[PDB]
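Undergrad: Below is the structure I would like to discuss, written out as structure tokens.
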Amino acid sequence: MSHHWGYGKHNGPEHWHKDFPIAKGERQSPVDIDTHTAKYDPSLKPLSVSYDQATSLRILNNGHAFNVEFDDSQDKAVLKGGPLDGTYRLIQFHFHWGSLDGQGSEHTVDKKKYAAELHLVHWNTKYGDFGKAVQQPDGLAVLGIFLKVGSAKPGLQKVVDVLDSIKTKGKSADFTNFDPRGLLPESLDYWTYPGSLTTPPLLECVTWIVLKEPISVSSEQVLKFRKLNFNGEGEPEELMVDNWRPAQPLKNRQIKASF
Ligand SMILES: NS(=O)(=O)c1ccc(CCNC(=O)NCCc2ccc(S(N)(=O)=O)cc2)cc1
Ligand SMILES: NCCc1ccc(S(N)(=O)=O)cc1
Ligand SMILES: [Zn+2]
């Protein structure tokens with residue numbers, strides 16, 4: 001209830017360390033993915049994304065992004081394989097995006113920034129709940145997918161269309177029967193490395209799995225994201241744009257490629 005971090009000049013990423021000192025830790029995210037330096041690891045398995053029984057529930061403007069929430073009280077939508085040991089359940093997805101099409105992703109690829117990045121957040125079932133999982137070094141698996149501006153993504157349009165009902169911080173709307181499979185690219189080739197949450201509390205609990213193939217969305221789709229507000233109703237309007245943390249030092253990590 002006393003958090004005041006954000007993405008402005010007075011409360012943005014350069015300030016976070018003062019309340020969340022792990023911001024300067026050894027495994028922070030995001031990072032630049034240097035594609036030449038990433039090593040192909042033949043021992044990596046194909047990723048297994050099982051989203052057929054996914055149960056979406058609600059979409060919320062939380063003042064930083066919007067989250068689409070899922071029932072995670074059974075193994076309904078799970079991620080396994082790839083670099084992972086065990087079963088990770090989908091709890092929510094959200095995006096980060098820019099004020100312009102040339103920025104907005106958190107991860108970069110040879111310093112290239114995409115217009116946005118989707119994060120599908122999953123927690124390791126051996127830890128019993130999400131709150132316990134974020135306290136463990138292998139507690140979360142975040143599947144990251146880049147968005148480039150081009151052709152529309154039909155499977156995104158239900159999200160775009162509901163955004164009028166959650167314009168300001170604290171607003172939510174029913175968001176049942178949404179299929180997250182509609183947000184994936186054709187290929188599940190990926191990079192992986194150990195990292196962190198990219199927002200406070202910046203906990204170092206994430207296995208990052210970043211897909212190589214971007215999805216394409218239209219100019220009009222991402223334009224609608226930028227009409228959301230960071231502020232609550234009745235407060236000065238601040239457009240929800242540039243809700244991305246920049247790349248952090250790789251330090252003593254190696255990024256592995258599945259391909
Ligand atoms: N099942 S339920 O009862 O409907 C249900 C109950 C609760 C919830 C919200 C979970 N809390 C959450 O997602 N916090 C953000 C932490 C975070 C920060 C940063 C990243 S990031 N940017 O690194 O991916 C990922 C996650 C959802 C659904
Ligand atoms: N200085 C404005 C108030 C304020 C700024 C930044 C943060 S932080 N460290 O959580 O990003 C908290 C409060
Ligand atoms: Zn995120």
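Following the order of the structure tokens, chains are lettered A, B, ..., residues in each are numbered from 1, and ligands are numbered from 1.
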Step one, run DSSP on the backbone; step two, keep only residues of range 68-165 of chain A assigned to strand (DSSP E); then write them as a PyMOL selection string.
TA: chain A and resi 68-70+78-81+88-97+108-109+116-124+140-149
Undergrad: Residues of range 73-149 of chain A within 7 Å of range 241-249 of chain A: nearest atom pair and distance (Å, one decimal) for each, counting only C-alpha atoms, sorted by chain and number, as a tab-separated table?
TA:
```
residue	atom	partner	partner_atom	distance
A:96	CA	A:243	CA	5.5
A:97	CA	A:242	CA	5.6
A:98	CA	A:242	CA	4.2
A:99	CA	A:241	CA	5.1
A:104	CA	A:242	CA	5.9
A:105	CA	A:244	CA	6.5
A:106	CA	A:244	CA	5.5
A:107	CA	A:247	CA	6.5
```
Undergrad: Write out as a PyMOL selection string all residues of range 18-95 of chain A that backbone DSSP assigns to helix (DSSP H, G or I).
TA: chain A and resi 18+21-24
Undergrad: So which one's closest to residue 205 in chain A, A:14, A:26, A:19, A:75? Using only C-alpha atoms, please.
TA: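 When distances to residue 205 in chain A are compared using only C-alpha atoms, the smallest one comes from A:26.
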Undergrad: With distances taken over only C-alpha atoms, which of A:189, A:204, A:138, A:233 is nearest to residue 166 in chain A?
TA: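 Of A:189, A:204, A:138, A:233, the one nearest residue 166 in chain A is A:233, counting only C-alpha atoms.
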Undergrad: When you count only C-alpha atoms and all ligand atoms, which of these residues is closest to ligand 2: A:181, A:35, A:219, A:202?
TA: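 Looking at the shortest contact to ligand 2, the residue is A:202.
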Undergrad: Around ligand 3, which protein and nucleic acid residues have at least one atom no more than 9 Å from it, if we count only C-alpha atoms and all ligand atoms? List them as a PyMOL selection string.
TA: chain A and resi 65+93-96+106+117-121+142+144+197-199+244
Undergrad: Residues as selected, N, CA, C and O atoms, written as a PDB file, in the first residue's frame, can you do that?
TA:
```pdb
ATOM      1  N   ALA A  65       0.575  -1.750 -15.979  1.00  0.00           N
ATOM      2  CA  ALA A  65       0.250  -2.469 -17.191  1.00  0.00           C
ATOM      3  C   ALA A  65      -1.187  -2.963 -17.048  1.00  0.00           C
ATOM      4  O   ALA A  65      -1.887  -2.552 -16.121  1.00  0.00           O
ATOM      5  N   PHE A  93      -0.849 -13.056 -17.881  1.00  0.00           N
ATOM      6  CA  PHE A  93       0.017 -12.449 -18.874  1.00  0.00           C
ATOM      7  C   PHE A  93      -0.205 -10.946 -18.886  1.00  0.00           C
ATOM      8  O   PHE A  93      -1.256 -10.407 -18.515  1.00  0.00           O
ATOM      9  N   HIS A  94       0.846 -10.239 -19.333  1.00  0.00           N
ATOM     10  CA  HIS A  94       0.793  -8.814 -19.521  1.00  0.00           C
ATOM     11  C   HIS A  94       1.772  -8.422 -20.621  1.00  0.00           C
ATOM     12  O   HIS A  94       2.568  -9.266 -21.055  1.00  0.00           O
ATOM     13  N   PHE A  95       1.768  -7.136 -20.968  1.00  0.00           N
ATOM     14  CA  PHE A  95       2.681  -6.608 -21.956  1.00  0.00           C
ATOM     15  C   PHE A  95       3.458  -5.425 -21.377  1.00  0.00           C
ATOM     16  O   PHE A  95       3.057  -4.829 -20.380  1.00  0.00           O
ATOM     17  N   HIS A  96       4.581  -5.124 -22.051  1.00  0.00           N
ATOM     18  CA  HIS A  96       5.282  -3.859 -21.929  1.00  0.00           C
ATOM     19  C   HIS A  96       5.374  -3.244 -23.313  1.00  0.00           C
ATOM     20  O   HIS A  96       5.576  -3.974 -24.269  1.00  0.00           O
ATOM     21  N   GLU A 106      11.446  -5.133 -23.409  1.00  0.00           N
ATOM     22  CA  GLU A 106      12.348  -5.157 -22.262  1.00  0.00           C
ATOM     23  C   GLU A 106      13.613  -5.855 -22.703  1.00  0.00           C
ATOM     24  O   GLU A 106      14.704  -5.275 -22.621  1.00  0.00           O
ATOM     25  N   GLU A 117       6.573  -6.315 -25.731  1.00  0.00           N
ATOM     26  CA  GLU A 117       6.915  -7.655 -25.304  1.00  0.00           C
ATOM     27  C   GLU A 117       5.773  -8.189 -24.438  1.00  0.00           C
ATOM     28  O   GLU A 117       5.312  -7.485 -23.528  1.00  0.00           O
ATOM     29  N   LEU A 118       5.361  -9.432 -24.732  1.00  0.00           N
ATOM     30  CA  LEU A 118       4.388 -10.180 -23.969  1.00  0.00           C
ATOM     31  C   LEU A 118       5.117 -11.090 -22.991  1.00  0.00           C
ATOM     32  O   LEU A 118       6.044 -11.805 -23.401  1.00  0.00           O
ATOM     33  N   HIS A 119       4.647 -11.119 -21.754  1.00  0.00           N
ATOM     34  CA  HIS A 119       5.154 -12.001 -20.726  1.00  0.00           C
ATOM     35  C   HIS A 119       4.000 -12.886 -20.266  1.00  0.00           C
ATOM     36  O   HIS A 119       3.085 -12.367 -19.613  1.00  0.00           O
ATOM     37  N   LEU A 120       4.151 -14.191 -20.480  1.00  0.00           N
ATOM     38  CA  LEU A 120       3.274 -15.203 -19.911  1.00  0.00           C
ATOM     39  C   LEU A 120       3.925 -15.755 -18.654  1.00  0.00           C
ATOM     40  O   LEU A 120       5.007 -16.363 -18.785  1.00  0.00           O
ATOM     41  N   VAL A 121       3.323 -15.497 -17.491  1.00  0.00           N
ATOM     42  CA  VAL A 121       3.970 -15.757 -16.209  1.00  0.00           C
ATOM     43  C   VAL A 121       3.489 -17.076 -15.643  1.00  0.00           C
ATOM     44  O   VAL A 121       2.261 -17.251 -15.483  1.00  0.00           O
ATOM     45  N   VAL A 142       8.927 -17.359 -17.081  1.00  0.00           N
ATOM     46  CA  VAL A 142       8.316 -16.333 -17.874  1.00  0.00           C
ATOM     47  C   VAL A 142       8.672 -16.559 -19.324  1.00  0.00           C
ATOM     48  O   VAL A 142       9.821 -16.624 -19.707  1.00  0.00           O
ATOM     49  N   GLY A 144       8.611 -15.039 -22.811  1.00  0.00           N
ATOM     50  CA  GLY A 144       8.638 -13.711 -23.367  1.00  0.00           C
ATOM     51  C   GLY A 144       8.560 -13.778 -24.883  1.00  0.00           C
ATOM     52  O   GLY A 144       9.246 -14.581 -25.504  1.00  0.00           O
ATOM     53  N   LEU A 197      12.206 -10.828 -11.904  1.00  0.00           N
ATOM     54  CA  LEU A 197      11.047  -9.984 -12.274  1.00  0.00           C
ATOM     55  C   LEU A 197      11.615  -8.680 -12.852  1.00  0.00           C
ATOM     56  O   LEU A 197      12.663  -8.179 -12.367  1.00  0.00           O
ATOM     57  N   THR A 198      10.941  -8.077 -13.828  1.00  0.00           N
ATOM     58  CA  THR A 198      11.404  -6.828 -14.384  1.00  0.00           C
ATOM     59  C   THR A 198      10.755  -5.600 -13.762  1.00  0.00           C
ATOM     60  O   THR A 198      10.990  -4.504 -14.230  1.00  0.00           O
ATOM     61  N   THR A 199       9.865  -5.804 -12.783  1.00  0.00           N
ATOM     62  CA  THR A 199       9.279  -4.732 -11.994  1.00  0.00           C
ATOM     63  C   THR A 199       9.574  -4.997 -10.526  1.00  0.00           C
ATOM     64  O   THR A 199       9.719  -6.151 -10.106  1.00  0.00           O
ATOM     65  N   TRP A 244       8.550  -0.057 -19.674  1.00  0.00           N
ATOM     66  CA  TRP A 244       9.585  -1.060 -19.855  1.00  0.00           C
ATOM     67  C   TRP A 244      10.847  -0.663 -19.079  1.00  0.00           C
ATOM     68  O   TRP A 244      11.152   0.503 -18.981  1.00  0.00           O
TER      69      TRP A 244
END
```
